[PDB]
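Okay, structure first, notes after.
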Amino acid sequence: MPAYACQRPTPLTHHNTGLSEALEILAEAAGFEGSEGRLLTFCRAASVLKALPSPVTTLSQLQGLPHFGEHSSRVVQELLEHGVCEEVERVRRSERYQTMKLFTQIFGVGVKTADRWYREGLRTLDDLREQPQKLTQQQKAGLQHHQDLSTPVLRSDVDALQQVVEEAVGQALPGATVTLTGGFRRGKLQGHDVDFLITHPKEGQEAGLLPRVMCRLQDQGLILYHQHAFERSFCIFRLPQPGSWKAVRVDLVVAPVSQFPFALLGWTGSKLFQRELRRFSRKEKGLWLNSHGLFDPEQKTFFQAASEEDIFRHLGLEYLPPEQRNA
DNA sequence: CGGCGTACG
DNA sequence: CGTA
DNA sequence: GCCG
Ligand SMILES: Nc1ccn([C@@H]2O[C@H](COP(=O)(O)CP(=O)(O)OP(=O)(O)O)[C@@H](O)[C@H]2O)c(=O)n1
Ligand SMILES: [Cl-]
Ligand SMILES: [Cl-]
Ligand SMILES: [Cl-]
Ligand SMILES: [Mg+2]
Ligand SMILES: [Mg+2]
Ligand code: NA
Ligand code: NA
């Protein structure tokens, strides 16, 4: 088992679901306390279990696995012996965990904001609604739409959404394309949002595209919220439902076609897969990776990739299709 | 011990 | 600060 | 919390 998530296939469904879920609770709790290192270790340990070919049944099967030390191994031991880990259950029922989870789940609210509200004594969404002077426009939209945004987006919703985005994109710039990325490209059947990557085959033609797209979607009455020169939009969309509609989060990102492989790789995720890939690139290969390119800081050159396959090859990694990037 | 991804709005 |  |  290699130490980086980008070195191993991770399928969407696997054989250690309960164990990985418990470790991810501790990871999330570590994040709520600002402990990014512990969050990373617990996330990595969870991801290792996702990559295993069969269920862990005995503690000895953790021997030699990366990112399993005394703490993660004890969590697993207790789950194997008793079906429950007391530390995990204590986190789950704690007021701190439940409130930080509730608040950071709001669109427009991060750990720092949630923590400040928590220290001020706030605990419920209605607590926030009662004091709306403390809210940004983004947070107001996130709170108003919170119920709908808490409902999973279905893969069966995505196609109709992509069609309306394609229509607006085609008027904004004929020949521009829309590619589904994020979790649905990794095979997820549900998601928290839909992520789309937009480009044009003629380098440079995509400049100034996203304002034109957003203006057209807004004119069609489809935009319940957006932040408005820009290249990423985090918006709330009106999606039809039988006899009504629901609010859905949609992300739109424009890249020049020269950068499209990097943007596709970046936006397809998973989040942990991309952090691990960038860490691998820099620490093992001495190359700096982001959603724009892959930089050699010794030659001061950028790698001109034509595909995701190109990028994996340049990093000395076996290619992983999106469905195996579910770290 | 230091390090822990890297951007844009 | 928020977002991916 | 764990790796190197
Ligand atoms: N911090 C971040 C946040 C995001 N990303 C990248 O953005 C993609 C979509 O994020 P996303 O937030 O839409 C999560 P997704 O994987 O699509 O699942 P969901 O929407 O059903 O929850 C991720 O899969 C990563 O490639 C990242 O690199 N670093
Ligand atoms: Cl930490
Ligand atoms: Cl590609
Ligand atoms: Cl980036
Ligand atoms: Mg998504
Ligand atoms: Mg997204
Ligand atoms: Na949030
Ligand atoms: Na960095």
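Chain letters run A, B, ... following the sequence lines, proteins first and then strands; every chain starts at 1. All heavy atoms count here, side chains included; hydrogens, waters and symmetry mates do not.
Here the P atom of nucleotide C:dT3 and the CD1 atom of A:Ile236 are 11 Å apart, to the nearest Å. Between the CG atom of A:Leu40 and the P atom of D:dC2 there is a distance of 13 Å, given to the nearest Å. For A:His67 and D:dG4, the NE2 to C1' distance is 11 Å, given to the nearest whole Å. For the pair A:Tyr4 OH and B:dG3 P, the computed distance is 14 Å after rounding to whole Å. Atom NE2 in A:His292 sits about 13 Å away from atom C1' in B:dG5, given to the nearest Å. To the nearest angstrom, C1' of B:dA7 lies 16 Å from CZ of A:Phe295. If you take NZ of A:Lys140 and P of C:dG2, they are 17 Å apart, rounded to a whole angstrom. We find that NZ of A:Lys283 is positioned 7 Å from P of B:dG3, with the value rounded to whole Å.
Each of B:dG5, D:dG1, B:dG9 was ranked by its minimum atom distance to the side chain of A:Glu231; first place goes to B:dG9. Of the candidates B:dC4, C:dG2, D:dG4, D:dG4 carries the atom nearest the A:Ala3 side chain, counting heavy atoms from C-beta on. Distances from the side chain of A:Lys271 to the nucleotides B:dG9, B:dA7, B:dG5 place B:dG5 closest. Relative to the side chain of A:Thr41, the nucleotides B:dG5, C:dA4, D:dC2 differ in distance, and D:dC2 lies closest. Listed nucleotides B:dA7, B:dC4, C:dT3 differ in distance to A:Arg249; the shortest reach to its side chain belongs to C:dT3. Of all nucleotides listed (B:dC4, C:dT3, C:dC1), C:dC1 comes nearest to the side chain of A:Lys112. With B:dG5, C:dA4, D:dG1 as the choices, the nucleotide that has an atom nearest any side-chain atom of A:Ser72 turns out to be D:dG1. Checked against B:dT6, B:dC8, C:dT3, the side chain of A:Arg232 finds its nearest nucleotide in B:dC8. Closest approach to the A:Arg282 side chain among B:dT6, C:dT3, D:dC2 is made by B:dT6 (side chain taken as heavy atoms from C-beta onward).
With the nearest nucleotide of DNA chain D identified for both A:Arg44 and A:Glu284, A:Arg44 has the one nearer the 5' end.
Taking A:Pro2 as the reference, A:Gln7, A:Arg8 meet the side chain to side chain contact (heavy atoms under 4.5 Å, CB included) condition, with sequence neighbours excluded.
For the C1' atom pair drawn from C:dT3 and B:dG5, the interatomic distance equals 15 Å after rounding to whole Å.
A:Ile106 comes within 4.0 angstrom of the backbone, heavy atoms only, and of no base. Within 4.0 Å of A:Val109, counting heavy atoms only, lie sugar-phosphate atoms of the nucleic acid but no base atom. At the heavy-atom level, A:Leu289 lies under 4.0 Å from the strands shown only through sugar-phosphate atoms. Here A:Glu276 lies out of heavy-atom contact (under 4.0 Å) with every strand.
OP1 and OP2 of B:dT6 both lie 4.0 Å or more from every side-chain N or O belonging to A:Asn290. Side-chain nitrogen and oxygen atoms of A:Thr113 include at least one within less than 4.0 Å of the OP1 or OP2 phosphate oxygen of C:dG2.
In the interface, the side chain of A:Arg278 is paired with the base of B:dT6 through a donor and an acceptor atom under 3.5 Å apart.
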Test side chain to side chain donor-acceptor pair (under 3.5 Å) on A:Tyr225 and A:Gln144; report intermediate values, then the result.
CA-CA 11 Å; A:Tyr225 168 85; A:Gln144 283 161 323; over 6 Å; no
Assess the residue pair A:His314 and A:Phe312 against the criterion (ring pair (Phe, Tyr, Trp, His ring centres under 6.0 Å)); give the C-alpha distance rounded to whole Å, side-chain angles, the decisive distance to 0.1 Å, and a yes or no.
CA-CA 6 Å; A:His314 199 66; A:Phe312 278 89; over 10 Å; no
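For the salt bridge (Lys or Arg N to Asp or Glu O under 4.0 Å) condition, the pairs that include at least one residue of residues 251-264 of chain A, sequence neighbours left out, are A:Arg249-A:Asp251.
The aromatic rings of A:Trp288 and A:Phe295 sit tilted relative to each other, their planes meeting at an angle between 30° and 60°.
Scanning both residues, A:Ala176 and A:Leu209, for their nearest heavy atoms gives CB-CD2, 4.3 Å.
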